[PDB]
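See structure below.
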């Protein structure tokens, strides 16, 4: 149906998609202003940690501060193989991608970090209300030199 | 309102009920979930401690792995299930929780819970590729395996 309501959905989804595109392509010193893509009360961060709790960063200004820390610890980070998934909610997207770059955490030797990521992006009046990142924390351990725990899986078919 | 788009919309709806069936499969019904796949279908775990997938290739082999899964995870349930349709009528994502007893050889019995993202891609209305993404640290915990802590020194507050 070509109705004004349907057209409103399409328009919302198209604008929001451009914002997801911009986020995923933000690199270098532009990472210091990525927080401007969020609502004032917007939340961002890592949902897959070794603690099992999320590292959630609440609010535009707090997001800006993390950006400084991010840029120092992942100095040359790039996202690649970016695939964007629109959903039946014009305000909710998923992204599947890669990421790679040097990792520089105090306490560990400088390393090369690669991982596989899923990102969730929820929108409200055209800005990001909630971003969440899902990766394999084991691949981060490897990059930092931290021995990875191994699970034996006996009897698993082959 | 073309017949192509009517095709897509049908395909998408058909596929969605297969995703729903998969997510609601519990108990002894787990022994026939492999029936929802193409004969060449792949399923498995994409977030492992090795950094490579434990993929199970083929409808036959999937059926055989269900016997092992039913022994390892005897009372497993998915909950808080949110299905996401996409622009591709043959690609769905699901966010959910999962929990149950975990009963692996050589580890003490535990209670395992995790947050999951699932990817389902379809072909001729069956599942051609299923992939599961979770946090392996929570499986370590359930098995009594020590999980190391990453220190994040300058991380602000």
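Chains as they are written, first to last, in the authors' numbering: chain B, 8 to 165; chain A, 9 to 165.
Even for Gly, the Cβ is constructed at its ideal location relative to N, Cα and C.
Check whether residue i and residue j have beta carbons under 8 Å apart
| i | j | result |
| --- | --- | --- |
| residue 101/A | residue 101/B | yes |
| residue 98/B | residue 129/B | yes |
| residue 124/A | residue 106/A | yes |
| residue 63/B | residue 83/B | no |
| residue 46/A | residue 131/A | yes |
| residue 138/B | residue 127/B | yes |
| residue 30/B | residue 44/B | yes |
| residue 144/B | residue 145/A | yes |
| residue 122/A | residue 147/A | yes |
| residue 61/B | residue 72/A | no |
| residue 49/A | residue 135/A | yes |
| residue 32/A | residue 133/A | no |
| residue 94/B | residue 94/A | yes |
Reduced DSSP secondary structure (H/G/I, E/B, other) of residue i
| i | result |
| --- | --- |
| residue 127/B | strand |
| residue 134/A | strand |
| residue 98/B | coil |
| residue 143/A | coil |
| residue 154/B | coil |
| residue 76/A | helix |
| residue 41/B | helix |
| residue 28/A | helix |
| residue 81/B | coil |
| residue 53/A | strand |
| residue 119/B | strand |
| residue 112/A | coil |
| residue 90/B | strand |
| residue 162/A | coil |
| residue 34/B | coil |
| residue 170/B | Examination of residue 170/B is not possible in this model, given that chain B is present from 8 through 165 alone. |
| residue 8/B | coil |
Under 7 Å from the C-beta of residue i: neighbouring residues of chain A
| i | result |
| --- | --- |
| residue 147/B | 158 |
| residue 93/B | 94 and 95 |
| residue 45/B | By Cβ distance, chain A contributes nothing, its closest Cβ being about 16 Å from residue 45/B, past 7 Å. |
| residue 128/B | By Cβ distance, chain A contributes nothing, its closest Cβ being about 12 Å from residue 128/B, past 7 Å. |
| residue 72/B | 164 |
| residue 101/B | 92 and 101 |
Cross-chain neighbours of residue i in chain A, by beta carbon under 9 Å
| i | result |
| --- | --- |
| residue 33/B | Correct list: empty, because the minimum Cβ distance to chain A is about 19 Å. |
Listed by chain order, chain B residues near residue i by CB distance under 9 Å
| i | result |
| --- | --- |
| residue 116/A | The contacting residues do not exist; residue 116/A stays about 13 Å from chain B at best. |
| residue 69/A | 164 and 165 |
| residue 153/A | 156, 157 and 158 |
Neighbouring residues, chain B, relative to residue i (Cβ below 7 Å)
| i | result |
| --- | --- |
| residue 141/A | 125 and 141 |
| residue 55/A | 143 |
| residue 111/A | Correct list: empty, because the minimum Cβ distance to chain B is about 11 Å. |
| residue 76/A | 162, 163 and 164 |
Residue i Cβ short of 7 Å to the ligand PLP heavy atom set
| i | result |
| --- | --- |
| residue 54/A | With respect to the ligand PLP, the structure offers nothing, as it holds no ligand at all. |
Beta-carbon neighbours of residue i, restricted to chain A and to distances below 8 Å
| i | result |
| --- | --- |
| residue 59/B | 143, 145, 146 and 149 |
- Item | Stretch pair the region 39-54 of chain A + the region 102-114 of chain A: three plus CB contacts closer than 8 Å | Segment contact: the region 39-54 of chain A against the region 102-114 of chain A, fewer than three CB-CB distances shorter than 8 Å; contact not assigned.
- Query: Three or more C-beta pairs closer than 8 Å, one from the region 72-82 of chain A and one from the region 140-159 of chain B: is that the case here?
  - Reply: With contact defined as three or more Cβ pairs closer than 8 Å, the region 72-82 of chain A and the region 140-159 of chain B are not in contact.
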